[PDB]
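Only this structure's heavy atoms are used, side chains among them; waters, hydrogens and symmetry mates stay out. Chain letters run A, B, ... following the sequence lines, proteins first and then strands; every chain starts at 1.
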4 protein chains.
Amino acid sequence: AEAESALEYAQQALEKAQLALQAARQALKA
Amino acid sequence: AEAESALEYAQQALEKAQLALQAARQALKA
Amino acid sequence: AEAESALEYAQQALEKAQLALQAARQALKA
Amino acid sequence: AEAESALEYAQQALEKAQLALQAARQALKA
Ligand SMILES: c12c3c4c5c1c1c6c7c2c2c8c3c3c9c4c4c%10c5c5c1c1c6c6c%11c7c2c2c7c8c3c3c8c9c4c4c9c%10c5c5c1c1c6c6c%11c2c2c7c3c3c8c4c4c9c5c1c1c6c2c3c41
Ligand SMILES: c12c3c4c5c1c1c6c7c2c2c8c3c3c9c4c4c%10c5c5c1c1c6c6c%11c7c2c2c7c8c3c3c8c9c4c4c9c%10c5c5c1c1c6c6c%11c2c2c7c3c3c8c4c4c9c5c1c1c6c2c3c41
């Protein structure tokens, strides 16, 4: 199930990217 | 500063997502 | 400005990646 | 091949996010 594990990992990485992006967007408002 | 750091981190996270995605795409070909 | 717009676009693109990833993960379960 | 198509789409979306992120990071240098 390397495929499944890879997609689960990619999803988690994307989640991390998203939350950092929101921090950056807030920083820019400021 | 925090914005720059957040974008740097997001880029690294996206790179990790991309490499996992490539593994997954190869897995499906098999 | 351009930075804000770029981050907005990146977030939308990440959202699209996430929803496709979820479809893919369901496809593999099947 | 909905799974394959989904991953190909997600990869393209991530590519778009990456290129916008690089624009944003350059904007911040400035
Ligand atoms: C977010 C978390 C994660 C993301 C969110 C982003 C911002 C903020 C939070 C949050 C905390 C989280 C997580 C964690 C990650 C993660 C990411 C994410 C980015 C974002 C930036 C900010 C922002 C602050 C926010 C705090 C907050 C802490 C939280 C922690 C961790 C942790 C860790 C990661 C990591 C990254 C990285 C990004 C960077 C941004 C900034 C700042 C900083 C804030 C801090 C710090 C905390 C701390 C660390 C690191 C670390 C650093 C770094 C970046 C820095 C930076 C800062 C701090 C670092 C560090
Ligand atoms: C990038 C392209 C794409 C990304 C790169 C980012 C920046 C720049 C280029 C580039 C051109 C690309 C693509 C295209 C996308 C895409 C994205 C990406 C982001 C980035 C930002 C900048 C930046 C400029 C740069 C030019 C450049 C043009 C190029 C085109 C398209 C096109 C289109 C998308 C779209 C997004 C969006 C982002 C946003 C950023 C900025 C600005 C703007 C620059 C322009 C403009 C051009 C134009 C459009 C749109 C559009 C807008 C918008 C964001 C804006 C914004 C600007 C322009 C918009 C528009």
Side-chain angles (χ1 to χ4, degrees):
Chain A
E2 287 77 18
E4 285 92 346
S5 292
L7 295 192
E8 202 178 332
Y9 174 93
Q11 183 183 347
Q12 295 166 356
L14 294 189
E15 279 165 6
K16 297 184 176 179
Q18 286 253 57
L19 67 87
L21 185 42
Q22 283 300 295
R25 290 180 71 204
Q26 178 62 39
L28 294 192
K29 282 164 64 82
Chain B
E2 285 73 22
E4 289 89 353
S5 285
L7 292 190
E8 160 150 356
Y9 172 97
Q11 199 101 65
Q12 293 164 355
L14 292 192
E15 290 168 358
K16 292 178 179 175
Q18 285 255 63
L19 66 86
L21 187 43
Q22 280 291 97
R25 288 185 76 205
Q26 175 66 236
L28 297 197
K29 285 175 11 187
Chain C
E2 285 73 22
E4 289 89 353
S5 285
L7 292 190
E8 160 150 356
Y9 172 97
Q11 199 101 65
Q12 293 164 355
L14 292 192
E15 290 168 358
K16 292 178 179 175
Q18 285 255 63
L19 66 86
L21 187 43
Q22 280 291 97
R25 288 185 76 205
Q26 175 66 236
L28 297 197
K29 285 175 11 187
Chain D
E2 287 77 18
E4 285 92 346
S5 292
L7 295 192
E8 202 178 332
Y9 174 93
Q11 183 183 347
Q12 295 166 356
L14 294 189
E15 279 165 6
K16 297 184 176 179
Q18 286 253 57
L19 67 87
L21 185 42
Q22 283 300 295
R25 290 180 71 204
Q26 178 62 39
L28 294 192
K29 282 164 64 82

Asks: Determine yes or no for a side-chain-to-main-chain donor-acceptor pair under 3.5 angstrom, with A:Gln12 supplying the side chain and A:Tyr9 the backbone.
Replies: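 Such a contact is absent between A:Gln12 side chain and A:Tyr9 backbone.
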
Asks: If I compare all heavy atoms of D:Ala27 with all of C:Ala3, which pair ends up nearest, and what's the gap?
Replies: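 So the minimum-distance heavy-atom pair works out to CB-CB, 3.8 Å.
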
Asks: Apply side chain to side chain contact (heavy atoms under 4.5 Å, CB included) to D:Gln26 and list each qualifying residue two or more places apart in sequence or on a separate chain.
Replies: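 By the side chain to side chain contact (heavy atoms under 4.5 Å, CB included) rule, D:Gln26 matches D:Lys29.
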
Asks: Going by distance alone, is a donor N or O of one side chain under 3.5 Å from an acceptor N or O of the other, for C:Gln18 and A:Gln11?
Replies: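 No, no side-chain donor-acceptor pair sits under 3.5 Å.
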
Asks: Quick one: pull up CD in C:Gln22 and CG in A:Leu7 and give me the separation to the nearest 0.5 Å.
Replies: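 So the gap between those two atoms works out to 9.5 Å.
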
Asks: State yes or no: do A:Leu28 and A:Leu21 share one hydrophobic cluster built from I, L, V, M, F, W and Y residues joined by side-chain heavy-atom distances below 4.5 Å, directly or via other members?
Replies: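 Yes, A:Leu28 connects to A:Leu21 through the hydrophobic network.
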
Asks: About how many Å separate CD of B:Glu8 and CZ of D:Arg25, when rounded to the nearest 0.5 Å?
Replies: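 CD of B:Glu8 is found 5.5 Å from CZ of D:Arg25.
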
